[PDB]
Every structure is written in C-alpha cells, then in structure tokens.
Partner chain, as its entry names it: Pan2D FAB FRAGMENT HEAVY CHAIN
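The form deposited without the partner chain is given below as one chain in structure tokens.
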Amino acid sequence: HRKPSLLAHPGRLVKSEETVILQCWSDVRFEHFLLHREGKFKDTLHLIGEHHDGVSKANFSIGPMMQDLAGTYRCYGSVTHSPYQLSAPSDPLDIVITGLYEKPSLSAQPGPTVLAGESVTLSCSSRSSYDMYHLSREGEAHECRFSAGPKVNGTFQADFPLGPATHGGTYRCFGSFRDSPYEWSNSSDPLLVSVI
C-alpha cells in the first residue's frame, strides 16, 4: 500500500483538444497503476507501470482533450501476485479544459503598475452569465477562484484582491458555471502586474 503522487508536467489546465500527461510515481515497487476520473463520464485507465530507475511510475496520456476528459483524477497501483489489490487512494487532481467560451476582461483597478506595499486588485468582467471567475498566476499548483456579482449595467465580474503589491507577475482569468465546474472559458489576455 501507500498513496503515490499524481501531477501533470505541463499543468492542470489544458487547452481545447490539447493533451496532458498524468504521471503516477511511487517508491513502492508496484507493477500496475489505475487512473480514475469523476464528473460526467466516470472512467478508469489500465496502464502497466514501468520502473524508470529507483521509483516505480506510469504515464497516462489524456489525448484530444474534451469536455468528458475533464474532471477529478485519482491514481492507484499494485502487484499482480494478487490482481484485484489496490493501493490507498492518491491525491485528487482536477484536469480542466480551458478554451470553450468568450474570453473575460481582466484588469487592475489601481493600475497594472503600482508602487510596492500598495494593495493591487484585478477583476473579471464579461457580458455572459459566468457564475465564477478564476485567476491563474501560471506556475503554482493550486490557484484561486470566486463566484460573481450580478449584472451592474451589462457586466458580470469577480474581484481578486491580491493585496500589498510585493513580487508581482502575470495573471490570467477564466469563467465558469455552477453546472460544469471543470469546463472553463477561453483564457483572457495576459497581463503583467508590475511592482517598482
């Protein structure tokens, strides 16, 4: 037993039709790994786990990405001196399909370039009824997200207060509905928040 690691080399969010690798590694010399998703089309993947030096690993390829592939992934593994047997559940990893709707309008109210120690904040508008927006800082494993405020005149937005401008960078923003929590919108245009 003992839960293995489940991550995705490029990243969690996958653009429409692209592909991601969901690698399963573990020191515990297994021989078979099993991959499992949720959402609509609940499915399981049976791949023979190799042993690329020391630690045992498996490499699943989520091909032409689609609405069905996106959901909550979990990895398992074992040895076939006993077939059925499965390791303890592995860490949940949500595979997202970016690119599927009109791009939101990300911007910084105080300004993309703000003096340090001066609280910065970025909002996401759009004319469509997105129930929530997401903010990618590109890189980090777990990102942020918040439901949106009703139509103010014609728009739908969500404010992501970042706070005292410290070591800025570049954010992106997506939108989604209460129904399909894994099917996002097309990524909004990149923005460089500067800190002089």
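Residue numbers count along the first chain shown, from 1. C-alpha atoms forming the largest set that superposes within 1.5 Å between two forms make up the rigid core.
Omission of residue 99 is seen in none of the other entries compared for this protein where the adjacent residues are built, far below a third. Compared with other PDB entries of the same protein, residue 163 is present in all of those that resolve the residues around it, none of them, let alone a third, dropping it.
Annotation for 19-27 versus 183-191: the higher mean temperature factor (C-alpha) is found in 19-27.
Comparing 44-52 with 141-149, the stretch with the higher mean C-alpha B-factor in the PDB entry is 44-52. Per the PDB record, 114 has a higher Cα B-factor than any other of 122, 97, 114, 88. Taking the PDB entry at face value, the top CA B factor among 32, 167, 134, 36 belongs to 167. For residue 62, the recorded CA B-factor ranks within the highest third of the chain. Only modelled residues enter the ranking. When the modelled residues of the chain are ordered by C-alpha B-factor, residue 105 sits in the middle third. Per-chain ranking of the deposited C-alpha B factor places residue 78 in the middle third.
Omitted from view is the form solved in complex with the partner chain, to which the following refers.
131 is the sole member of 159, 138, 31, 131 with a non-hydrogen atom lying within 4.5 angstroms of the partner chain in the bound PDB entry. Out of the listed residues 91, 94, 102, 118, 102 is the one that sits within 4.5 Å of the partner chain in the bound PDB entry by at least one heavy atom. Annotation: in the bound PDB entry, residues 143, 167 and 172 none come within 4.5 Å of the partner chain through any heavy atom. A residue is said to contact a partner when one of its heavy atoms sits within 4.5 Å of a partner heavy atom; residue 127 meets this definition for the partner chain in the bound PDB entry.
Proximity of residue 9 to the partner chain in the bound PDB entry: non-hydrogen atoms within 4.5 Å are absent; the residue sits far from the partner. A residue is said to contact a partner when one of its heavy atoms sits within 4.5 Å of a partner heavy atom; residue 67 meets this definition for the partner chain in the bound PDB entry. Contact annotation for 170-189: residues with any non-hydrogen atom within 4.5 angstroms of the partner chain in the bound PDB entry are 177, 178, 179, 180, 183, listed in sequence order. The residue among 62, 132, 165, 45 whose Cα moves by 2 angstroms or more between this form and the one not shown, once the core is superposed, is 165. Comparing the forms between this form and the one not shown on their rigid core, the Cα displacement of residue 148 reaches 2 Å or more. When two forms of a protein are overlaid on their rigid core, residues whose CA moves 2 Å or more are considered shifted, and residue 119 is one of them between this form and the one not shown. Compared with the form shown here, the Cα atoms of residue 92 and residue 148 move at least 3 Å farther apart in the bound PDB entry.
Between residue 92 and residue 147, the C-alpha separation grows by 3 Å or more in the bound PDB entry, relative to the conformation displayed.
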